[PDB]
Amino acid sequence: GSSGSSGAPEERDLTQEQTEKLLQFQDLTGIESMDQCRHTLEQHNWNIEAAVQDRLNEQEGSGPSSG
């Protein structure tokens, strides 16, 4: 909006690979807050496969299990 950035004088840039992964997860999951996304990822260790599960597992829209 109008100069409203609360944080520290730091900068964290991701890598192409990682970035891409995010895009995927983001789309898959559907989270808005990018951070939130990378979060679930970082945790699982940028493991969409897991992050995805940990994402769904923890409160899902519709469909607890598939197959």
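In this report, we go over the structure that sits alongside the text. (Residues numbered from 1 in each chain as written, not as in the entry; some residues may be left out. Heavy atoms only, no water.)

## Let's talk about the nonpolar core
1) Next: With eight residues, the main nonpolar core is built from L22, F25, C37, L41, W46, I48, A51 and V52.
2) Next: For this core, the elements supplying multiple residues, two or more each, are α1 (16–29), α2 (34–44) and α3 (48–57).
3) Next: Sort the elements by how many residues they give to this core and α3 lands first, with three residues.
4) Next: Among residues more than four places away in sequence, those in contact with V52 are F25 and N47. (Core = buried A, V, L, I, M, F, W, Y, C linked by side-chain atoms within 4.5 Å. Buried < 20%, exposed > 50% of the residue type's maximum accessible area, 1.4 Å probe, protein only. Helix = DSSP H or I, 4+ residues; strand = E, 2+ residues; numbered from the N terminus. Contact = heavy atoms within 4.5 Å.)

## Some thoughts on the packing of α1 against α2
1) Next: Where α1 meets α2, the axes come as close as 10 Å, and the angle between the chain directions of the two elements is 105 degrees. Classed by the angle they form, the pair α1 and α2 counts as roughly perpendicular. For the pair α1 and α2, contact is made by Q18, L22, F25, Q26 and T29 and by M34, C37, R38, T40, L41 and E42, respectively.
2) Next: Its residues placed into classes, the contact of α1 with α2 shows five nonpolar, four polar and two charged. (Axes fitted to C-alpha atoms, helices over the stretch in contact; angles between N-to-C directions. Parallel < 35°, antiparallel > 145°, perpendicular 65-115°, else oblique. Nonpolar A, V, L, I, M, F, W, Y, C, P; charged D, E, K, R; others polar.)

## What to know about α1
1) Next: Taking 1.5 Å of rise per residue, 14 residues should cover 20 Å, and α1 covers 20 Å from first to last C-alpha, within 8% of that figure.
2) Next: Those residues of α1 hidden inside the fold are in contact with α2 and α3.
3) Next: Among the residues trailing α1, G30 stands out with phi positive, at a value near 115 degrees. (Expected span 1.5 Å × (residues − 1).)

## Focus: the packing of α1 against α3
1) Next: Where α1 contacts α3, the two axes come as close as 10 Å, and the packing angle between them is 25 degrees. Viewed along their axes, α1 and α3 adopt a mutual orientation that is roughly parallel. As for how α1 packs across α3, the hand of that crossing is right-handed. Contacts from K21, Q24, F25, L28 and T29 of α1 reach α3 at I48, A51, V52 and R55. (Left-handed = near helix turned anticlockwise from the far one by under 90°.)

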